[PDB]
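Numbering follows the entry's author numbering, in which position 23 of the sequence shown is assigned residue number 23; successive positions increment by one, without gaps.
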Amino acid sequence: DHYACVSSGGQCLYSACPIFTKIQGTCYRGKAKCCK
(Lines of atoms letter the chains of each structure in order from A and count residues from 1; the text may use other names and numbers.)
(Lines give C-alpha, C1' and ligand atoms only; values in the text may rest on other atoms or scores of the structure.)
Protein backbone atom coordinates (compact mmCIF):
# COMPACT_ATOMS: atom_id res chain seq x y z
CA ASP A 1 0.00 0.00 0.00
CA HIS A 2 1.04 3.73 -0.05
CA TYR A 3 2.34 3.50 3.50
CA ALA A 4 4.30 0.22 3.05
CA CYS A 5 5.70 1.58 -0.24
CA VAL A 6 7.09 4.92 0.91
CA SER A 7 8.31 3.23 4.18
CA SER A 8 10.44 0.78 2.24
CA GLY A 9 11.89 3.72 0.18
CA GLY A 10 9.74 3.25 -2.94
CA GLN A 11 7.50 5.55 -4.95
CA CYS A 12 3.83 5.23 -5.83
CA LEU A 13 3.56 5.69 -9.60
CA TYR A 14 0.83 5.47 -12.30
CA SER A 15 3.37 4.56 -14.99
CA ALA A 16 5.80 1.67 -15.51
CA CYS A 17 8.61 1.58 -12.95
CA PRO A 18 11.56 3.85 -13.78
CA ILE A 19 14.94 2.38 -14.74
CA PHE A 20 16.83 1.00 -11.64
CA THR A 21 13.50 0.37 -9.84
CA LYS A 22 11.18 -2.62 -9.67
CA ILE A 23 7.59 -3.33 -8.63
CA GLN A 24 7.04 -4.07 -4.95
CA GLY A 25 3.24 -4.14 -4.63
CA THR A 26 0.83 -1.29 -5.22
CA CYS A 27 -0.63 1.94 -3.96
CA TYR A 28 -3.90 3.84 -4.00
CA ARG A 29 -6.47 1.01 -3.87
CA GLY A 30 -4.07 -1.02 -6.07
CA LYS A 31 -4.30 1.41 -9.02
CA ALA A 32 -0.67 2.63 -8.84
CA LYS A 33 2.56 0.59 -8.78
CA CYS A 34 4.99 0.77 -5.86
CA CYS A 35 8.40 1.11 -7.57
CA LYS A 36 11.57 0.62 -5.60
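C-beta: ideal position from N, C-alpha, C; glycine also.
In this structure, what does DSSP give as the bridge partners for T26? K33
Going along the chain, which residues of its own chain have a beta-carbon closer than 7 Å to the beta-carbon of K33, five neighbours each way excluded? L13, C17, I23, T26
Under the DSSP definition of a beta bridge, which residues are partnered with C12? Residue pairing by DSSP places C12 opposite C34 in a beta bridge.
What does a CB cutoff of less than 7 Å around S8 pick up in its chain, not counting 5 residues either side in sequence? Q24, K36
To the nearest angstrom, report how far apart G30 and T21 are at their CA atoms. Straight through space, the alpha carbons of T21 and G30 are spaced by roughly 18 Å.
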